[PDB]
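Q: one piece of my complex first, more on the way:
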Amino acid sequence: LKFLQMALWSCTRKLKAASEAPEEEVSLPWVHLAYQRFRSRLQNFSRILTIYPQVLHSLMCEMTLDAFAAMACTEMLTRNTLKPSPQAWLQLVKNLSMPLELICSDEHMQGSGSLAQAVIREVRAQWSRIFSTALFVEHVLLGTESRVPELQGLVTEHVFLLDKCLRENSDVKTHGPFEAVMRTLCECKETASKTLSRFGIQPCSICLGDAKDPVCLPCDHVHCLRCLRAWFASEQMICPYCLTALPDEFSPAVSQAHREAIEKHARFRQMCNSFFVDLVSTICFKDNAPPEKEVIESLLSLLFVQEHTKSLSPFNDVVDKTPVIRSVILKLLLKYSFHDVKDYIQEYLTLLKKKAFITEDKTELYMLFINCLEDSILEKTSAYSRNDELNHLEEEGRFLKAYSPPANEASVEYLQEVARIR
């Protein structure tokens, strides 16, 4: 109650200071006006303290208590990482996300002074870091617990290493933090692979995937049974990866230890991939400003193995046997204004179409773009107000008036015209 008094008092002082004239006396009416103007900020502060009352102890002309509460929370989360238990910390992080992200919203803090802005500048780095770590927990740690508990301790350690690689600069929309997170996730995967099998885990030297129905040998290299059946043709049962001297009487079978190991590493890779996808979507592709050039270039370089396509992933160990195309990064980039991202999208289209994954009759690929572009517009348009809806309809009329027409191919501006016209 004292802190809410201090907040509404500072709001009232600020509001009265703009009374068109000196503020000789602060009467009661202004208290209602301040409440009406700063209602959301105060309610959010109350919610914060309800979620994490301890913040009070951390606290002990301008409205700043909400930002100080947010800073206290991010500190009593960076220090209380995974306490009392990973689920309770994750759940606290999650609950606070909404009010903290509100406080880190520029519209929510319209008119904020220089102190509030300076606080929020750092609160945003802290929150982005805390959220990256929370997603790493939620996906890799918790899942590791049930599916692959042998690794739960190692992932716990890497949780804190993630917090530290984001500590200084936690804006993963930049290059350094994004590359650092990727380095961390690759080191975690490699170490987990070494844990699940101290001979490691390597893919079938025949199919270059992980050895479905694993068949180990006196040299411990792993292959698939079906691959060894096809391999067993004649005079060439001796492994390729090793050229071992084969006692011709050898006849293989399934070694359980490796199938369980591979299952564990596949669950691990799936969780790390889900973490990277969720980080990109929630953190990297969040702002009302598009990420830098180097981050997007790196993402597009990852989607293609040097070509073969794969799901959005930092690991060069999963691949779509057939050249599958998926809409993820297109849907993310289109969140922003097409005018900024068009060159990224055309580079993506040309890089797919560079005889890399598609050959001809690409009418279905273009429909993917056409639908993604249409989604962006629908996504934006459903946000518009009714007066904004009428203005938009006028702008579309003016575009239809302005539109007038190379062949044998399309471009992302042309496909965007097609989407808009549709």
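A: Perfect, I can see it now. Residues are numbered from 1 along each chain as shown, chains lettered A, B, ... in the order given.
Q: identify the residues contacting the spatially most central residue of chain A.
A: A centroid search over chain A (C-alpha atoms, centre = their mean) returns residue A:279, at 1.9 Å, as the residue closest to the centre. Contact analysis of residue A:279 by C-beta atoms under 8 Å, 6 or more residues apart in numbering lists A:132, A:135, A:172, A:181. Every C-beta, even on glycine, is put in place using the N, C-alpha and C of the backbone.
Q: contacts for stretch A:229-243, please.
A: Outside stretch A:229-243, the residues that touch it by C-beta under 8 Å, 6+ apart are A:205, A:206, A:217, A:219, A:221, A:223, A:228, A:244, A:245, A:246, A:248, A:250.
Q: distance between the ends of that stretch?
A: 17 Å (C-alpha to C-alpha, to the nearest Å).
Q: which residue ranges of the stretch 301-422 of chain A form helices?
A: Applying DSSP state H, counting those that start in this stretch to the stretch 301-422 of chain A gives helices spanning A:328-333, A:338-352, A:363-382, A:386-402, A:412-421.
Q: among the ones you listed, which is nearest residue A:268?
A: Distance to residue A:268, taken as C-beta to C-beta, is lowest for helix A:328-333 among the helices of the stretch 301-422 of chain A, at 21.0 Å.
Q: packing partners of that closest one?
A: In terms of contact count using 3 or more C-beta pairs under 8 Å, 6 or more residues apart in numbering; DSSP states H and E, helix A:328-333 is assigned the packing partners helix A:293-303, helix A:338-352, helix A:363-382.
Q: I'd like these as TSV, with distance to residue A:48 appended.
A: Shown next, in TSV, are the helices and strands packed on helix A:328-333 (distance: least, C-beta to C-beta, whole Å):
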stretch	distance to residue A:48
helix A:293-303	31
helix A:338-352	34
helix A:363-382	30
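Q: for residue A:224, grab phi and psi.
A: phi -90, psi 150 (degrees, to the nearest 10).
Q: my guess is it contacts residue A:213. True?
A: Yes: using C-beta atoms under 8 Å, residue A:224 is in contact with residue A:213, at 5.2 Å.
Q: who's more crowded, the two?
A: Between residue A:224 and residue A:213, counted using other C-beta atoms under 10 Å, the more crowded position is residue A:224 (21 against 18).
Q: what's near enough to touch the more buried one?
A: Neighbouring residues of residue A:224 by C-beta under 8 Å, 6+ apart: A:204, A:206, A:207, A:211, A:212, A:213, A:214, A:215.
Q: chain B comes next; put it on the structure above:
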Amino acid sequence: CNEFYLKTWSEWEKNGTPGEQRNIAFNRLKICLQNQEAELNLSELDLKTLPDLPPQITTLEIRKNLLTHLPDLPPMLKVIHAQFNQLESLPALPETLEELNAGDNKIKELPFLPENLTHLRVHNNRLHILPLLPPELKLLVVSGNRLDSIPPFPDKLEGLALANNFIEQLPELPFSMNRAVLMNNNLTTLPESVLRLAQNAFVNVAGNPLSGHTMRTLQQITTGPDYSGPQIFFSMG
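A: Chain B added:
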């Protein structure tokens, strides 16, 4: 120096961290040193570092350990089976090296291959380019690497493996060949000479984006049974 060699091994032993069956290693090393056995073993003992081991050995298994680096290799250590160490690169290969296996290591560049290297196995390293090959290289296994180019092949390239690499074009495989494996490379086109080989060479090119016309060419040539060439394969499933 035998006293100093086992002494240094006991000294590294005092560094014995969890998992390291250094006791078993130390007995094996000392017996070999005093009996001057031509062979040593260190397999599966989860070692992370190697002191200098007896010189007069001509064979060694250090597989399934966790080393990240090797000391000088004895001049006589002809035969190494070092599969699954964590070596980030290979120190000096001695004069008489006749066989090496370096599977699942972390090497990225090899030292020079001696003249007597009748066999090499360096699978699953992270190499990008290979040193020169000797004329007597009866075997090269370089699969698992990231090689974008491949140096010439010697007189007697009997055995070859190249899977998981990035080789795009292959030097001429002479009649010395009897067992070729060349899958999942960057192969643009590979010569017809692979046909001239004997009637018993296994030749696989699966997983490659080879010239569709080159495959159709090789079918046209082989289905013209006039050739007494080897057994050639292109994919399985």
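Q: go back to the contacts of stretch A:229-243, now with chain B?
A: A:205-206, A:217, A:219, A:221, A:223, A:228, A:244-246, A:248, A:250, B:101, B:103, B:119, B:121, B:123-124, B:139, B:141, B:143-144, B:159, B:161, B:163, B:179, B:181, B:183, B:200, B:202, B:204, B:231, B:233, B:236-237 (C-beta atoms under 8 Å, 6 or more residues apart in numbering or on different chains).
Q: also stretch A:371-381?
A: By C-beta under 8 Å, 6+ apart, the residues outside stretch A:371-381 that reach it are A:327, A:330-331, A:334-335, A:338, A:389, A:392, A:412, A:415-416, A:419-420, A:422.
Q: same question for stretch A:406-420.
A: Outside stretch A:406-420, the residues that touch it by C-beta under 8 Å, 6+ apart are A:338, A:342, A:345-346, A:349, A:366, A:369-371, A:373-374, A:377, A:396, A:399, A:403.
Q: just the buried residues from the residues you listed, in PyMOL please.
A: Buried residues within the contacts of stretch A:406-420, by 16 or more other C-beta atoms under 10 Å in any protein chain shown, are selected in PyMOL with:
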select buried, chain A and resi 338+342+345+346+349+366+369+370+371+373+374+377
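Q: before we move on, which element is residue A:238 in?
A: If you go by DSSP states H and E, residue A:238 is not part of any helix or strand.
Q: next, give phi and psi for it.
A: Backbone torsions for residue A:238, taken as degrees, to the nearest 10, come to phi -80, psi 130.
Q: can you classify whatever residue of the stretch 101-250 of chain A ends up closest to chain B by secondary structure?
A: In the stretch 101-250 of chain A, the residue that lies nearest chain B is residue A:230 (3.6 Å; C-beta to the nearest C-beta). The three-state label given to residue A:230 by DSSP: H, G, I helix; E, B strand; the rest coil is helix.
Q: tell me how many other residues surround it.
A: When counting by other C-beta atoms under 10 Å in any protein chain shown, one arrives at 16 neighbours for residue A:230.
Q: look up how far residue A:204 lies from it.
A: 11 Å (C-beta to C-beta, to the nearest Å).
Q: could you do residue A:367 as well?
A: In terms of C-beta to C-beta, residue A:367 sits 36 Å off from residue A:204.
Q: so which of these two has more stuff around it?
A: More crowded of residue A:367 and residue A:204, by other C-beta under 10 Å: residue A:204, with 22 against 12.
Q: just the element for the residue lying closest to the more buried one once chain neighbours are set aside, please.
A: Of all residues not flanking residue A:204 in the chain, residue A:211 sits nearest, at 4.2 Å (C-beta to C-beta, 6 or more residues apart in numbering or on different chains). Remark: residue A:211 resides in no helix or strand, with elements defined by DSSP H and E.
Q: here's chain C, add it to the model above:
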Amino acid sequence: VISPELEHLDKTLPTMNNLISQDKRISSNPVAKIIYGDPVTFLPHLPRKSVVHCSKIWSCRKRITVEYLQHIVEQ
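A: Time to bring in chain C:
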């Protein structure tokens, strides 16, 4: 009884669409040729140069809604 039928609509609906579109009652109508087939066969004015001047890029599309999501979840 019904669920088995709805499960297979992806297959069963193209069959009925074809049988209707190919009927003499309809196949001589241009609107049907526009809805079901490719009008390029019977419209000469239609450009054919740019991949964007195809028939599918100018085809219908699944309107995303809450109810469609609900159905998909149920499935």
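Q: ok chain C is in now, so what about the contacts of stretch A:406-420?
A: With contact meaning C-beta under 8 Å, 6+ apart, stretch A:406-420 is reached by A:338, A:342, A:345-346, A:349, A:366, A:369-371, A:373-374, A:377, A:396, A:399, A:403, C:49-52, C:57.
Q: rewinding a little: buried ones in the helix or strand where the residue nearest to the centre of chain A lies, by neighbour count?
A: Assigned by DSSP H and E, residue A:279 belongs to helix A:256-279. For helix A:256-279, burial by neighbour count (16+ other C-beta under 10 Å) applies to A:258-259, A:261-262, A:264-279.
Q: likewise stretch C:50-57?
A: For stretch C:50-57, a neighbour-count test (16+ other C-beta under 10 Å) marks C:50, C:51, C:52, C:53, C:54, C:57 as buried.
Q: and chain A, which of those residues contact it?
A: Contacts with chain A within the buried residues of stretch C:50-57, counted by C-beta under 8 Å from any C-beta of the partner chain: C:50, C:51, C:52, C:54, C:57.
Q: wait, what's in contact with the second one?
A: Each residue near residue C:51 by C-beta under 8 Å, 6+ apart is listed here: A:362, A:363, A:366, A:408, A:409, A:410, C:57.
Q: over to the last one?
A: Counting by C-beta under 8 Å, 6+ apart, residue C:57 touches A:363, A:366, A:367, A:370, A:418, C:51.
Q: quick one: contacts for whichever residue of chain B sits closest to chain A?
A: Proximity of chain B to chain A (C-beta to the nearest C-beta) peaks at residue B:236, 3.6 Å away. Residue B:236 makes contact with A:227, A:230, A:231, B:206 under the criterion C-beta under 8 Å, 6+ apart.
Q: and which of the ones next to chain A among the buried residues of stretch C:50-57 is nearest residue A:384?
A: residue C:57 (26.3 Å).
Q: what's the separation between that closest one and residue C:21?
A: 20 Å.
Q: does the helix holding residue A:279 come close to chain B?
A: No: taking C-beta under 8 Å from any C-beta as the criterion, helix A:256-279 and chain B are apart, separated by no less than 13.7 Å.
Q: quick check: angle from that helix to helix A:293-303?
A: On the basis of axes from the mean of the first three to the mean of the last three C-alpha atoms, to 10 degrees, helix A:256-279 is oriented at 150 degrees to helix A:293-303.
Q: for helix A:256-279, the distance to its chain's centre please.
A: Between the centre of helix A:256-279 and the centre of its host chain there is 18 Å, according to C-alpha atoms, centre = their mean, to the nearest Å.
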